[PDB]
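Student: experimental coordinates follow, after the sequence.
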2 protein chains.
Amino acid sequence: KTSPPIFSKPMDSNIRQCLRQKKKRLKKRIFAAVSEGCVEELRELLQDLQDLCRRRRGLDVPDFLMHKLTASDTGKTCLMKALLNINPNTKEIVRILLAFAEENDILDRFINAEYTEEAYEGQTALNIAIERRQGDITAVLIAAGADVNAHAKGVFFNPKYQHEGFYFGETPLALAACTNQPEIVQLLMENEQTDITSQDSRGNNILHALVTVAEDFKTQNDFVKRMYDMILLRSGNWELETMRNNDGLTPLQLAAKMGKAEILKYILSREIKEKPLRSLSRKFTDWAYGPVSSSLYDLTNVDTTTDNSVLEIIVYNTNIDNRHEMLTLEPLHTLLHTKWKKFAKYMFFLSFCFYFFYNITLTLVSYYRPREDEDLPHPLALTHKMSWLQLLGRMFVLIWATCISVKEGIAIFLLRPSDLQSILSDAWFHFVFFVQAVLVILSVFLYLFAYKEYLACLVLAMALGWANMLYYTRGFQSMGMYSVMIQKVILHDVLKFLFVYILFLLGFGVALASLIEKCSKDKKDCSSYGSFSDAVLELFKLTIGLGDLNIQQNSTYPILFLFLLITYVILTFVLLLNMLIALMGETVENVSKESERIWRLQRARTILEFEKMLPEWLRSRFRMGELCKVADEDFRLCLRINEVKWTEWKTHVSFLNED
Amino acid sequence: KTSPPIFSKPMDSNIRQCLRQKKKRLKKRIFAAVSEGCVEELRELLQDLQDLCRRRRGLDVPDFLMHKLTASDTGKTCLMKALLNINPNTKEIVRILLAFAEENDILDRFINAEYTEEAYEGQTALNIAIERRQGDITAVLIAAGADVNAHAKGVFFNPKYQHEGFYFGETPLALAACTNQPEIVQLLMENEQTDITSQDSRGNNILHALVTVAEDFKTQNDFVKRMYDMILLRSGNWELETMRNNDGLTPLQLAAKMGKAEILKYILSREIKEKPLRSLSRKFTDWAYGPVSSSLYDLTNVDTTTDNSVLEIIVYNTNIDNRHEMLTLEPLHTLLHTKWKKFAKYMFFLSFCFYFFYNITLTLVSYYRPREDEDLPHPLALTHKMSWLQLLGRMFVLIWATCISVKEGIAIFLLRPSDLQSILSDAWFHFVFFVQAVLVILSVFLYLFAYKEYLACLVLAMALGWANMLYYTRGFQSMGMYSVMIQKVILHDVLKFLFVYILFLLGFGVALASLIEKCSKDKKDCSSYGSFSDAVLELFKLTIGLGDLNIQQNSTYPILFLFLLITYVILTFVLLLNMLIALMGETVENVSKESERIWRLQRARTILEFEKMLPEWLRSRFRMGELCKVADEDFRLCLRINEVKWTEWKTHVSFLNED
Ligand SMILES: CCCCCCCC/C=C/CCCCCCCC(=O)O[C@@H](COC(=O)CCCCCCCCCCCCCCC)COP(=O)([O-])OCC[N+](C)(C)C
Ligand SMILES: CCCCCCCC/C=C/CCCCCCCC(=O)O[C@@H](COC(=O)CCCCCCCCCCCCCCC)COP(=O)([O-])OCC[N+](C)(C)C
Ligand SMILES: CCCCCCCC/C=C/CCCCCCCC(=O)O[C@@H](COC(=O)CCCCCCCCCCCCCCC)COP(=O)([O-])OCC[N+](C)(C)C
Ligand SMILES: CCCCCCCC/C=C/CCCCCCCC(=O)O[C@@H](COC(=O)CCCCCCCCCCCCCCC)COP(=O)([O-])OCC[N+](C)(C)C
Ligand SMILES: CCCCCCCC/C=C/CCCCCCCC(=O)O[C@@H](COC(=O)CCCCCCCCCCCCCCC)COP(=O)([O-])OCC[N+](C)(C)C
Ligand SMILES: CCCCCCCC/C=C/CCCCCCCC(=O)O[C@@H](COC(=O)CCCCCCCCCCCCCCC)COP(=O)([O-])OCC[N+](C)(C)C
Ligand SMILES: CCCCCCCC/C=C\CCCCCCCC(=O)O[C@@H](COC(=O)CCCCCCCCCCCCCCC)COP(=O)([O-])OCC[N+](C)(C)C
Ligand SMILES: CCCCCCCC/C=C\CCCCCCCC(=O)O[C@@H](COC(=O)CCCCCCCCCCCCCCC)COP(=O)([O-])OCC[N+](C)(C)C
Ligand SMILES: CCCCCCCC/C=C\CCCCCCCC(=O)O[C@@H](COC(=O)CCCCCCCCCCCCCCC)COP(=O)([O-])OCC[N+](C)(C)C
Ligand SMILES: CCCCCCCC/C=C\CCCCCCCC(=O)O[C@@H](COC(=O)CCCCCCCCCCCCCCC)COP(=O)([O-])OCC[N+](C)(C)C
Ligand SMILES: CCCCCCCC/C=C\CCCCCCCC(=O)O[C@@H](COC(=O)CCCCCCCCCCCCCCC)COP(=O)([O-])OCC[N+](C)(C)C
Ligand SMILES: CCCCCCCC/C=C\CCCCCCCC(=O)O[C@@H](COC(=O)CCCCCCCCCCCCCCC)COP(=O)([O-])OCC[N+](C)(C)C
């Protein structure tokens, strides 16, 4: 993606880089013989190794012999070098190397060997055989004492990113499962020493590991769905799918964290009909008659009742790709729609009314202020009591403004740094609601010091206040697009047109202000291009189309003053301004193509954020789901959902081929 | 493409155009007999030719006999006329003509015959047989003494353009190779007299010739890739692919010169695994484990270390079609990205800073000049020393401006004439950087003559100077499009709208200025349409939308003055101006569809142009690549590149059909 990785030492190297002595020719000539496939040259070199071991001090002969078979810079052995280079005669050089280590008491050490390298640590001879797809060499090595629980930890086998390495699950069972080799997976699970409930350095197990390697888009061949079904259904218990890693996530919650929509649909809709495996399912269909059916969903680690539920991960954590496609799955779709009809319509309506009456009060009191030198109060709370009836509206300003500044200021403090790179993560409205409430109470405090700059701050509070009414247009679908593409346009288009337009507004502004002469004879001010600040204003009025091409200029070089104004009008009114209108037209077109996807993801935040304001006795009232016994000795919560599907049923009936 | 060619004399003609005598009927009747396929009439005419040769002076009888078989206007013989017209009985009239020339000592002359025509010179009887796909007549002619090294040079066999003729490689081996006939190619390479390392008049050989005939786009059947592999791998040496033609190019460098992207990808990625043919490859993969792999590339005639490298041909020589598609190939992609991280980010950042401070100095000194009659210096270098601290900024203008005018003026002098027909060949910024630096030093020299027209030249230097800051927006991808489509629009759209708009600005300008009368009673100037120059200005202010439809005109025919203004506003404000905005909208749309292709090709020029400023000890430091021994007795430079490809690997594993 970004950059290719660097590795400090290569795993295998048959390319010699640039810059009869038995202590050199024994060790080096075996590696080259076993790599090319010279069988006859190999037996003639092994019998020379035991010749040096007879002229050696006793009781240390296995330690001396392994040093002449293992490398020193890395822990790669003769059997590892043999299996990385597959030849047509590697079935027999395994037999010859296994026979040499059986003649000594070194067979247990020669197979269970590990790399000592910092970058390839823990890799054994089973990892090379399962990688190179040698199915019959694997059965021999298990039958000779290979550890089937060896973990391969390292910088290569556990990277930081999805590139820069190759993560598969760190066990030999997970390597066979992530390489689409179903027969070796059947082979290891039928062995007694295989620990299925095993965990790696990330805390993952085999079901966590298959989620990380799955495709985030639906395609034709999906072997990670058939491997998740195959390994789960053989264990026949609950310990795998209820286990948490170091981040505290199940296999179900890691699919919603990473964004895999096809693995998520499979787990929420499992239904197994055989009697010993009935209890593993999460959906229970009890009656169906034509198109209609009734079903029960599992709802255990899904609904908003514990921490890190799958309804809360999908909504709040943007940068996940498929968030609309997952919120329309079936246990999730009914839960959001039920929370809207039961308490969320009415809390969203009271927020619109307590804010619309806040702005009518703050406007009528600011507009109708006493405009005299002899009458100067601040228009708030009756700080000087003139005793007029219903003064509570002036009290209602300072009460409701200090509530918003406390509440929204906490929400700015709780912002993730990924919440500032999405429009849908509504971090714009947390800023602007805060600064409108600060300026209200700042203007009240500056009258108590009587500075008479309160009116500069009270005017800006009315203009932001009526501009924040654009938040509440997400209640309707039709008006919910205009608050979105007023923000796509002002970031993708206007802040890139701004840097180009200052270069032409600075350059011609200094140039036109340097060609004039001082016209103040007796305070005439004939020249409208006198200063730098006067010339930038008259050039802005000409891109808009409000100024004049006044040629009668009291200055030297009158024909050069015409050449530089007409060049400005062509570049910035005919060419640049009509260009930026054709860049707004491409942004507006793409928001309207996706108007439904954007409106539905803005409700789902407002539904789950009014739920965190409710008290606990009130949230316990609206809990949807009842206790239910779906099999023997197992109790769980459930939703009953009826579903009538006319288009799916009629295609099932027409295609049936009654002939 | 452009025009069909003309040929001075046809190659074969069976259509007689418009405007018993044995010296006429012997020669003419053989050609018509051998063309139609009259076998019995042919033997009755050959025995009449030897009757005339018995009544002839001796020792000259082969010279007399060939003149009655070869034509005179061209060198076409009886065997050539036989093979151009294929009949079902041309297997035997070859046998009859070969038997007649064997009875004399004229067999060596009768087969090895050449056209003497200016347009078809050198064409022999093997070229006609290999063209007409007669595979078994070819083996007979080789077995009778045909020259298999005859070159066919001529205006037809070596044209100027790709049309106007048919270039194939000028040898009989290249004709068989460029006509998709693999069996005749095997036939000639197994003959001993075949010179494989042979060159034609262009200097090309068989591997150069196959590059010129290849398709520049990837399609299904590509026989030129299978012929390049077939002929190279049989020679088994290095003389073919390291040979240069008259322009000094290898077969590798001619593919990048002509733009063939599929031949270029094949050569840079050859990998042959068998032991006698291991050494011919250019990529050496030494370890691979799942998706990741490590490889070594050849880098010999690719990297910027000699003249005409393939990294330098693709970048500088536009008019080549596939330049983005070739710069993303693998030895080329890593080299450009490595030169950016090691020295090119920092040289592109110092150029932005030494030019941005050049414009702040030249603006603040021009704007704050002494505006008095008693104070008139030139604002540069303290030509009159007033002794103010840090005068070095005024010195910094004339130093840095004379550097740019020398450096950019050399670059204008080194421009190819094809560099002035591409936006991406940045010949616009070589002009405008030059003229901004000339006007600075021109204004300094005109104060030394004290002409007081220096200020007309110093003002234009500020306006161009801030407009050249649009060059440095190619560092970012998002802003790198606005400098491009400000140039596509001002060439494809505005200079075509300009010729149409002058016709309506000239015609109505003279017409409206002829209907008025002189209003200067006592210097009133009531009529704003008095002159030609006054009327063109008031009509330009009305297309923009700044003028007035002032009907109160002090002139004769007042209702005709209304009819010609309203006709102008409809034609040029409602119709023409809104048309040109819909022609800018189609240009802006196509630049944004190709925004990534244009930004990436502008970096690649700036990377290779800061490299030509570095000194030789500094360029020798940043050389990337190490000496390496990839096979016996062969040393070469290499890059090691790691590559992890998740999408290619997982499709290889899912499609494997483990069943
Ligand atoms: C029908 C079936 C049952 C329905 C259940 C009903 C449950 C009722 C409540 C239950 C508990 C909730 C307490 C929340 C209070 C927080 C106050 C607040 O700041 O407003 C918050 C919400 O405001 C509300 O959601 C509640 C509105 C009623 C407030 C009750 C006190 C005043 C009622 C006295 C009546 C008048 C007295 C006389 C007045 C003249 C504003 O939050 P926001 O809109 O999200 O902010 C803008 C968005 N932004 C975050 C991006 C910036
Ligand atoms: C001088 C140097 C040369 C010039 C600079 C050159 C470099 C600049 C280039 C940079 C990256 C290139 C991408 C092009 C678009 C750039 C804009 C951007 O950064 O958006 C980024 C994220 O968008 C956001 O940041 C969302 C806004 C967060 C809330 C901020 C509130 C501001 C309050 C203040 C009140 C203001 C009121 C306005 C309302 C907020 C990236 O956008 P994107 O990659 O296209 O991804 C689309 C995702 N999207 C849905 C979020 C859009
Ligand atoms: C002069 C110019 C104007 C000013 C300019 C301002 C401009 C800016 C404003 C622009 C637009 C304004 C936005 C409107 C805001 C809310 C409306 C809304 O949400 O729409 C909804 C209607 O929902 C309702 O109408 C509320 C339900 C009844 C509430 C009854 C009172 C509460 C009583 C309880 C008191 C509690 C206890 C009391 C306290 C203790 C529509 O939703 P729906 O159609 O129903 O369903 C969704 C469709 N779906 C099913 C496909 C998903
Ligand atoms: C970090 C790792 C190592 C990095 C290696 C760093 C190597 C450094 C250098 C190494 C040798 C290069 C010499 C090039 C000099 C040419 C001068 C020139 O005209 O500028 C040229 C480039 O300018 C540069 O690229 C270099 C900028 C530094 C100049 C050094 C002298 C002044 C430093 C004293 C410091 C301040 C003293 C105090 C001042 C107050 C302009 O070229 P351009 O931008 O292409 O032109 C515009 C484009 N156009 C062609 C279309 C028109
Ligand atoms: C009176 C008679 C009747 C009217 C005339 C009728 C006949 C006229 C018709 C002619 C051909 C028909 C094609 C239509 C487009 C015409 C324009 C053209 O010639 O472009 C040609 C090449 O484009 C260039 O020349 C690139 C600019 C080179 C640098 C020049 C710097 C000038 C500095 C001065 C400063 C000025 C500042 C502005 C910035 C430079 C051809 O363009 P194209 O075929 O479309 O190929 C696209 C390739 N492209 C990527 C290069 C675009
Ligand atoms: C007030 C209004 C403003 C005025 C209006 C002006 C408006 C006009 C201007 C518009 C935009 C301005 C353009 C910015 C120009 C350079 C920035 C740039 O290149 O971007 C790059 C940042 O590269 C860097 O930031 C430089 C790296 C650090 C330099 C450290 C100082 C040098 C020290 C050494 C001293 C040497 C020795 C000293 C002397 C002897 C971004 O590139 P990237 O993201 O890093 O990678 C590319 C992404 N890729 C990997 C996909 C390919
Ligand atoms: C389209 C235009 C784009 C924006 C440009 C707008 C300009 C702002 C530019 C930049 C903005 C930031 C600086 C603030 C300047 C404004 C303050 C001011 O006006 O007061 C004064 C300063 O006026 C000046 O003379 C200074 C402005 C020109 C030089 C700017 C600094 C150059 C270096 C920056 C970059 C390199 C450093 C980076 C190094 C890494 C004006 O005083 P006065 O009017 O004479 O009043 C007379 C009365 N009196 C005598 C009693 C005092
Ligand atoms: C892209 C990000 C831009 C940020 C803003 C984005 C939006 C921009 C929108 C608006 C902001 C733009 C400014 C307009 C209003 C001027 C305010 C002012 O204080 O001027 C004053 C000072 O200013 C000067 O003295 C002018 C100095 C001349 C050269 C300025 C650029 C040189 C430094 C470049 C620095 C880097 C800039 C490079 C920019 C490419 C006016 O002074 P005066 O009239 O000369 O004196 C007359 C005396 N009198 C007052 C008593 C009568
Ligand atoms: C960014 C826009 C460019 C900025 C503009 C700078 C461009 C410069 C480039 C090149 C200029 C090269 C010529 C040298 C200057 C000579 C000075 C001179 O003659 O002044 C004379 C006038 O003359 C003029 O009117 C100005 C002539 C400009 C040439 C046309 C350039 C077209 C640029 C457009 C396309 C660019 C597209 C670029 C796209 C990015 C003096 O005036 P006068 O007649 O003596 O008046 C006295 C009258 N009296 C009789 C009453 C006393
Ligand atoms: C939208 C309009 C489009 C452009 C049209 C613009 C017009 C320019 C047309 C063409 C431009 C090139 C010629 C330069 C003319 C300008 C010089 C000038 O004005 O000075 C004078 C010449 O004024 C005239 O009278 C001559 C202009 C009209 C006829 C043009 C030539 C026709 C032949 C060309 C083609 C056929 C040949 C081709 C053969 C193959 C003006 O003098 P004055 O104002 O009377 O001053 C009075 C004071 N005095 C008496 C002391 C002197
Ligand atoms: C497409 C390429 C075009 C090139 C430019 C592209 C951009 C064009 C933009 C601007 C240039 C256009 C000119 C506008 C400014 C006029 C300058 C001038 O010198 O006028 C003067 C002379 O001119 C005359 O005398 C006018 C002659 C009348 C007929 C003109 C066309 C006949 C020849 C057609 C030749 C072929 C043209 C065919 C064109 C289709 C004004 O003279 P006056 O006012 O009459 O005298 C009053 C006396 N007084 C001054 C003392 C008061
Ligand atoms: C390029 C545009 C065309 C140019 C225009 C030429 C077109 C000509 C074609 C044809 C004209 C044929 C008629 C002959 C002329 C007679 C003269 C006459 O009658 O004048 C009279 C007025 O009369 C008028 O107002 C003008 C009549 C024009 C006819 C409408 C044509 C529509 C063109 C549009 C569509 C074209 C689309 C083309 C698309 C490219 C005299 O005026 P008066 O009333 O005596 O005023 C004195 C008043 N007072 C004394 C009472 C105070």
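Tutor: Sure thing, it's come through. Residues are numbered from 1 along each chain as shown, chains lettered A, B, ... in the order given. Ligands and ions are numbered 1, 2, ... in the order given.

Student: surely residue A:635 is in a strand?
Tutor: Yes: assessed by DSSP: H, G, I helix; E, B strand; the rest coil, residue A:635 belongs to a strand.

Student: from what I see, it and residue A:298 are in contact.
Tutor: No: with contact defined as Cβ atoms under 8 Å, residue A:635 does not reach residue A:298; the gap is 12.0 Å. (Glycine included, C-beta is placed from N, CA and C.)

Student: tell me which of those two has more neighbours.
Tutor: residue A:298 (24 against 9; other Cβ atoms under 10 Å in any protein chain shown).

Student: number of nearby residues for the residue nearest to the more buried one when sequence neighbours are not counted?
Tutor: Nearest non-adjacent residue to residue A:298, counting by Cβ to Cβ, 6 or more residues apart in numbering or on different chains: residue A:282, 3.9 Å away. Applying other Cβ under 10 Å, we find 23 residues neighbouring residue A:282.

Student: and if you look at residue A:220?
Tutor: 6.

Student: go on, residue A:258?
Tutor: Neighbours of residue A:258 under the rule other Cβ under 10 Å: 17.

Student: that one contacts residue A:210, correct?
Tutor: No: using Cβ under 8 Å, residue A:258 makes no contact with residue A:210, being 11.8 Å away.

Student: how about the helix or strand encompassing residue A:487: buried residues?
Tutor: Secondary-structure assignment from DSSP states H and E places residue A:487 in helix A:485-492. The neighbour-count check on helix A:485-492 (16 or more other Cβ atoms under 10 Å in any protein chain shown) flags A:485, A:488-489 as buried.

Student: redo these as a markdown table? Include distance to residue B:426.
Tutor: Formatted as a markdown table, those follow (distance: Cβ to Cβ, whole Å):
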| residue | distance to residue B:426 |
| --- | --- |
| A:485 | 36 |
| A:488 | 32 |
| A:489 | 31 |
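
Student: okay if I get these as TSV plus distance to ligand 8?
Tutor: As requested, the buried residues of helix A:485-492 are exported to TSV (distance: Cβ to the nearest ligand atom, whole Å):
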residue	distance to ligand 8
A:485	23
A:488	21
A:489	18
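
Student: which one of those residues is nearest residue B:139?
Tutor: Nearest to residue B:139 out of the buried residues of helix A:485-492 is residue A:488 (Cβ to Cβ; 73.5 Å).

Student: doesn't residue A:627 belong to a strand?
Tutor: Yes: Residue A:627: assigned to a strand according to three-state DSSP.

Student: now the helix or strand hosting residue A:438: buried residues?
Tutor: Assigned by DSSP H and E, residue A:438 belongs to helix A:428-448. Across helix A:428-448, burial judged by 16+ other Cβ under 10 Å covers A:430, A:433-434, A:436-441, A:443-444, A:446-447.

Student: what does stretch A:393-413 give?
Tutor: For stretch A:393-413, by 16+ other Cβ under 10 Å, it's A:394, A:396-397, A:400-401, A:404-405, A:408.

Student: in TSV: these, plus secondary structure and distance to ligand 9.
Tutor: Output for these, formatted as TSV (DSSP: H, G, I helix; E, B strand; the rest coil; distance: Cβ to the nearest ligand atom, whole Å):
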residue	secondary structure	distance to ligand 9
A:394	helix	57
A:396	helix	57
A:397	helix	52
A:400	helix	53
A:401	helix	50
A:404	helix	49
A:405	helix	48
A:408	helix	46
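
Student: in CSV: these, plus distance to ligand 12.
Tutor: Output for these, formatted as CSV (distance: Cβ to the nearest ligand atom, whole Å):
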residue, distance to ligand 12
A:394, 67
A:396, 66
A:397, 64
A:400, 65
A:401, 64
A:404, 63
A:405, 65
A:408, 62
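
Student: what about residue A:502, how many residues nearby?
Tutor: 12.

Student: now residue A:37: closest residue in space, sequence neighbours ignored.
Tutor: residue A:87 (3.5 Å).

Student: check which helix or strand covers that neighbour.
Tutor: Judged by DSSP H and E, residue A:87 forms part of no helix or strand.

Student: that one is in contact with residue A:34, isn't it?
Tutor: No: judged on Cβ under 8 Å, residue A:87 makes no contact with residue A:34 at a distance of 9.0 Å.

Student: next, the contact list for residue A:566, please.
Tutor: Taking Cβ atoms under 8 Å, 6 or more residues apart in numbering or on different chains as the criterion, residue A:566 is in contact with A:549, B:540.

Student: now the strands for chain A?
Tutor: Secondary structure of chain A (DSSP state E): strands located at A:283-289, A:292-297, A:626-631, A:634-644.

Student: thinking again about what came up before, tell me which of the buried residues of helix A:428-448 is nearest to ligand 1?
Tutor: residue A:433 (4.1 Å; Cβ to the nearest ligand atom).

Student: I figured the closest one hits residue A:411, correct?
Tutor: No: between residue A:433 and residue A:411 there is no contact under Cβ under 8 Å: 9.1 Å.

Student: turn the buried residues of stretch A:393-413 into CSV, columns for distance to residue B:571.
Tutor: Shown next, in CSV, are the buried residues of stretch A:393-413 (distance: Cβ to Cβ, whole Å):
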residue, distance to residue B:571
A:394, 62
A:396, 61
A:397, 59
A:400, 60
A:401, 58
A:404, 57
A:405, 60
A:408, 57
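
Student: nearest to residue B:340, of those?
Tutor: residue A:408 (43.8 Å).

Student: name the nearest residue to the closest one, sequence neighbours excluded.
Tutor: Nearest one to residue A:408, counting by Cβ to Cβ, 6+ apart, is residue A:434 at 4.4 Å.

Student: isn't the one you found up against residue A:402?
Tutor: No: counting by Cβ under 8 Å, residue A:434 stays clear of residue A:402, with 11.9 Å between them.

Student: and residue A:496, how many residues sit next to it?
Tutor: 18.

Student: follow-up on the earlier one: and the angle for the helix holding residue A:438 with helix A:485-492?
Tutor: 90 degrees (axes from the mean of the first three to the mean of the last three Cα atoms, to 10 degrees).

Student: close to ligand 2, is helix A:428-448?
Tutor: Yes: using Cβ under 6 Å from any ligand atom, we find that helix A:428-448 touches ligand 2 at A:428, A:431.

Student: coming back round to it: neighbour count winner among residue A:87 and residue A:34?
Tutor: Neighbour count, other Cβ under 10 Å: between residue A:87 and residue A:34, residue A:34 has more, with 25 against 15.

Student: for ligand 8, see how far away residue A:184 is.
Tutor: 62 Å (Cβ to the nearest ligand atom, to the nearest Å).

Student: what's the spacing between that residue and residue A:292?
Tutor: Per Cβ to Cβ, to the nearest Å, residue A:184 is found 45 Å from residue A:292.

Student: also residue A:60?
Tutor: Distance from residue A:60 to residue A:292, by Cβ to Cβ: 81 Å.

Student: how much space between the residue nearest to residue A:37 and residue A:42?
Tutor: 12 Å.

Student: and for residue A:383?
Tutor: Distance from residue A:383 to residue A:42, by Cβ to Cβ: 102 Å.

Student: quick one: which of those two has more around it?
Tutor: residue A:42 (21 against 12).

Student: so the more buried one sits against residue A:35, correct?
Tutor: No: with contact defined as Cβ under 8 Å, residue A:42 does not reach residue A:35; the gap is 10.7 Å.

Student: hang on, the earlier thing: CA atoms only for the helix holding residue A:487, dumped as CSV, please.
Tutor: The C-alpha trace of helix A:485-492 is given here as CSV (Å, rounded to 0.1, in the frame of the first residue of the first chain):
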residue,chain,number,x,y,z
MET,A,485,-23.5,19.3,1.0
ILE,A,486,-23.2,22.7,2.5
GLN,A,487,-20.2,21.1,4.2
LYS,A,488,-18.8,19.0,1.4
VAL,A,489,-18.7,22.1,-0.8
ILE,A,490,-17.2,24.4,1.8
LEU,A,491,-14.3,21.9,2.4
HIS,A,492,-13.5,20.2,-0.9
